[PDB]
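There are 2 protein chains.
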Amino acid sequence: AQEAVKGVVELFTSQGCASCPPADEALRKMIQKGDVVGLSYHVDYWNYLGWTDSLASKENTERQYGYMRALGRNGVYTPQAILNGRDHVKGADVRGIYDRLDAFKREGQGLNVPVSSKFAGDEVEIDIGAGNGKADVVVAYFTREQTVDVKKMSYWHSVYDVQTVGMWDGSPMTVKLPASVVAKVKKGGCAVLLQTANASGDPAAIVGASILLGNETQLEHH
Amino acid sequence: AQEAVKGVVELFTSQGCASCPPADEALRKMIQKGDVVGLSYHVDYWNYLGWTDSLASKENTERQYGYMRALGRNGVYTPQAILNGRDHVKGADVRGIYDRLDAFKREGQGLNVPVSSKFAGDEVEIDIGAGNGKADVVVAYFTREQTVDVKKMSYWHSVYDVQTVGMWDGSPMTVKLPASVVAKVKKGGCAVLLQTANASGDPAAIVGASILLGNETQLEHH
Numbered sequence: 038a039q040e041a042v043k044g045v046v047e048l049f050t051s052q053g054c055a056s057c058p059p060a061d062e063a064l065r066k067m068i069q070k071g072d073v074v075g076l077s078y079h080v081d082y083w084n085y086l087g088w089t090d091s092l093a094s095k096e097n098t099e100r101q102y103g104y105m106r107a108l109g110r111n112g113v114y115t116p117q118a119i120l121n122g123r124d125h126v127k128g129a130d131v132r133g134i135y136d137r138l139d140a141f142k143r144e145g146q147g148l149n150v151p152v153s154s155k156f157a158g159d160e161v162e163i164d165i166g167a168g169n170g171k172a173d174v175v176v177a178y179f180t181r182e183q184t185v186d187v195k196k197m198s199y200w201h202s203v204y205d206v207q208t209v210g211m212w213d214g215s216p217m218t219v220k221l222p223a224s225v226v227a228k229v230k231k232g233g234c235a236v237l238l239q240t241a242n243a244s245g246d247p248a249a250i251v252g253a254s255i256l257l258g259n260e261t262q263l264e265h266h
Numbered sequence: 038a039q040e041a042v043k044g045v046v047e048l049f050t051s052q053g054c055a056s057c058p059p060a061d062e063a064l065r066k067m068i069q070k071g072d073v074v075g076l077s078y079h080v081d082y083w084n085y086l087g088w089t090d091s092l093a094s095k096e097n098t099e100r101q102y103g104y105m106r107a108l109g110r111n112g113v114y115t116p117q118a119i120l121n122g123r124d125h126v127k128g129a130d131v132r133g134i135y136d137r138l139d140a141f142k143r144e145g146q147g148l149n150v151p152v153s154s155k156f157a158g159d160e161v162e163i164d165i166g167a168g169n170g171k172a173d174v175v176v177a178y179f180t181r182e183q184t185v186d187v195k196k197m198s199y200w201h202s203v204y205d206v207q208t209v210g211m212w213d214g215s216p217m218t219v220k221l222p223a224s225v226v227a228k229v230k231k232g233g234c235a236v237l238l239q240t241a242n243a244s245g246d247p248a249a250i251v252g253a254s255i256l257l258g259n260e261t262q263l264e265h266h
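Going down the list, the sequences are from chains A and A'. A prime marks a further copy of an entry chain. Numbering (the deposited numbering) for the first sequence: 38 to 187, 195 to 266. Numbering (the deposited numbering) for the second sequence: 38 to 187, 195 to 266.
What follows is the structure in structure tokens.
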């Protein structure tokens, strides 16, 4: 292969948030490089009546709340990037995010558990490697690229649904998802997050991750 | 009469918020003094599964979002107190809130429009005085005092419903509410807020306010 993925970057943003564009660009650049699992969660607290993006959801906002609690904070803001489900940083701080992810890796707090995903014809197969502890197998479904009327703006990896498909206990496992899931991934893609939780059950460190894009086109040079 | 009410204090808090108790006490003290219209809005972003107060609501959280936008901020936190619908301050900063309200009054940004409320037998009557501009006649219904299991903690003026009952255009007006409203106020009380809105329609400066308690007991000394 080559160099393993550096980590997970979950950006909470909104088209109604004026200071978010810079962070949106940051994420787009990281997704283009493909060295991180990047996700964009549009929050609903920026909607009022006009500039209400059809990409936001209450569920996305609730996830940012889960992180707020787990991180011991007393509030939320946008743009906010959550790294490896372990810490937060300004969404536009590209240098900070990569330096943070590197710091995690150097401490063995990176993506230590192998996670693989692929289409098994009319089903989705998720392969998880061996490790220690317990974690949920979380799947975040997103559209690859979606344009919205401002003119027109483009957003990438906008999550529209998140679901837990099983539990990992340290043992290697394979989870098979039905055609209904295949159809959803085909709308863009999905990210598999092997995520632990704290005592309260809120989202915590992500110890493994993978992205499966709906487009399975193999690009080759001869 | 005597000295007019100093202003409106809207506290966003939650029993799931560990740093909120101090702010809750602050509000209780101001409500006891009765020189301000005090309201407590329990937010829902501190609920997870256990310490989920039955006093929180999505609507309350949305109101804090409305204020976030109007105030030009990019996030929310608890405990947060909104003063006269014009600015925010730490919920526990008792000195700051009163000094802020005083600063508003000295600038003629206090409660300049008279607002009165009373029970008309089986109906609720709200009397609004003359002024300039446009504002919604907002009614926030609350329980006077509610205890929740931690032991047991007590919360005051916990808002459980907010509704606009009419529009003020600067002209003196009287709004009559049905028996259904009387029943709700009797569950605790209500606060009438003559509130303006910004260009986006979000909650802005409150130019008049009044509280009507369900208990209409007249205390006299002879």
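Even for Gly, the Cβ is constructed at its ideal location relative to N, Cα and C.
For this session: Report the neighbours of residue 246 of chain A' on chain A: residues whose CB is nearer than 7 Å to its CB, in chain order.
Result: The contacting residues are 85.
Exercise. For residue 148 of chain A, does the three-state DSSP call read helix, strand or coil?
Worked result: coil
Exercise. What are the boundary residues of the beta strand (DSSP E) that residue 89 of chain A' is part of?
Worked result: Taken as a continuous stretch (DSSP letters only), residue 89 of chain A' belongs to no beta strand (DSSP E), as it is neither H nor E.
Exercise. Under 8 Å between C-beta atoms, does residue 77 of chain A make it to chain A'?
Worked result: no
Problem set entry | Where residue 159 of chain A falls: helix, strand or coil (DSSP) | coil
For this session: Kindly list, in the order they appear in chain A', the residues whose Cβ is closer than 9 Å to that of residue 115 of chain A.
Result: Those within 9 Å of residue 115 of chain A in chain A' are 111 and 112.
Exercise. Looking at residue 216 of chain A' and residue 167 of chain A', is the spacing between their C-beta atoms short of 8 Å?
Worked result: yes
Exercise. With burial defined as no fewer than 16 other Cβ atoms inside 10 Å of the residue's Cβ, what is the status of residue 86 of chain A': buried or exposed?
Worked result: With fewer than 16 Cβ atoms within 10 Å of its Cβ, residue 86 of chain A' is classed as exposed.
For this session: Report yes if the CB atom of residue 119 of chain A is closer than 8 Å to the CB atom of residue 62 of chain A, and no otherwise.
Result: no
For this session: Using beta-carbon positions only, say whether residue 164 of chain A' and residue 218 of chain A' come within less than 8 Å of one another.
Result: yes
For this session: Quick one: residues in its chain with C-beta nearer than 8 Å to the C-beta of residue 244 of chain A, no 5 flanking neighbours on either side, listed in chain order?
Result: If we look at residue 244 of chain A and ignore the five residues flanking it on each side, its Cβ neighbours are 106 and 107.
For this session: Report yes or no: is there a C-beta of chain A within less than 8 Å of the C-beta of residue 204 of chain A'?
Result: no
Exercise. Shortest alpha-carbon distance to residue 182 of chain A' belongs to which of A':54, A':139, A':233 and A':250?
Worked result: A':233
Exercise. For residue 195 of chain A', which option in A':206, A':52, A':249 and A':205 has the closest C-alpha, if you only look at C-alpha atoms?
Worked result: A':52
Exercise. Is residue 115 of chain A helix, strand or coil when you go by DSSP?
Worked result: coil
Exercise. Got a sec: is the Cβ-Cβ distance from residue 154 of chain A' to anything in chain A below 8 Å?
Worked result: no
For this session: Return the chain-ordered list of same chain residues with a C-beta closer than 6 Å to the C-beta of residue 155 of chain A', the five sequence neighbours on each side being excluded.
Result: 162
For this session: State the DSSP-derived secondary structure class of residue 82 of chain A, mapped to helix, strand or coil.
Result: coil
Exercise. Among A:208, A:213 and A:144, which has the Cα closest to the Cα of residue 11 of chain A?
Worked result: Given that chain A is displayed from residue 38 to residue 266, the structure contains no residue 11 of chain A and the question cannot be resolved.
Exercise. For residue 71 of chain A', which three-state DSSP category applies?
Worked result: If DSSP states are grouped into helix, strand and coil, residue 71 of chain A' belongs with coil.
Problem set entry | Where the alpha helix (DSSP H) through residue 47 of chain A begins and ends | Where residue 47 of chain A is concerned, there is no enclosing alpha helix (DSSP H), although the beta strand (DSSP E) it sits in stretches over 45 to 50.
Exercise. Given a limit of 7 Å on CB to CB distance, which residues of the stretch 39 to 67 of chain A' reach chain A?
Worked result: 54 and 56
Exercise. Ends of the alpha helix (DSSP H) at residue 249 of chain A?
Worked result: Here residue 249 of chain A belongs to no alpha helix (DSSP H); instead the beta strand (DSSP E) covers 247 to 257.
For this session: Establish whether the CB of residue 106 of chain A and some CB of chain A' are separated by less than 8 Å.
Result: yes
Exercise. How would you write the range of the beta strand (DSSP E) that residue 213 of chain A sits in, first residue to last?
Worked result: Element bounds for residue 213 of chain A: n/a, residue is neither H nor E.
Exercise. Any contact of the stretch 199 to 207 of chain A' with the stretch 86 to 97 of chain A', i.e. 3+ C-beta pairs under 8 Å?
Worked result: By the Cβ test, the stretch 199 to 207 of chain A' is in contact with the stretch 86 to 97 of chain A', since at least three Cβ pairs between them sit closer than 8 Å.
Exercise. Mind listing which residues of the stretch 88 to 103 of chain A' have their C-beta closer than 9 Å to chain A's C-betas, in chain order?
Worked result: 88, 95, 98, 99, 101, 102 and 103
Exercise. Buried or exposed: which applies to residue 253 of chain A', given that a residue is buried once 16 or more other Cβ atoms fall within 10 Å of its Cβ?
Worked result: buried
For this session: Output, in chain order, the set of chain A residues within a Cβ distance shorter than 7 Å of residue 199 of chain A'.
Result: In chain order: nothing, as chain A lies at least about 18 Å away.
For this session: Verify whether the separation of the beta carbon atoms of residue 64 of chain A' and residue 75 of chain A' is less than 8 Å.
Result: yes
Exercise. Which same chain residues, not among the five before or five after residue 236 of chain A, have their C-beta less than 6 Å away from its C-beta?
Worked result: 152, 154, 163, 176 and 254
Exercise. Over what stretch of residues does the alpha helix (DSSP H) that includes residue 107 of chain A continue unbroken?
Worked result: 95 to 107
Exercise. Hey, how far is the Cα of residue 246 of chain A' from the Cα of residue 265 of chain A'?
Worked result: 45 Å
Problem set entry | Test: residue 82 of chain A' CB closer than 8 Å to a CB of chain A | yes
Exercise. Relative to the alpha-carbon of residue 130 of chain A', which residue among A':143, A':115 and A':142 has its alpha-carbon at the smallest distance?
Worked result: A':115
Problem set entry | Cα-Cα separation between residue 249 of chain A and residue 122 of chain A, rounded to whole angstroms | 5 Å
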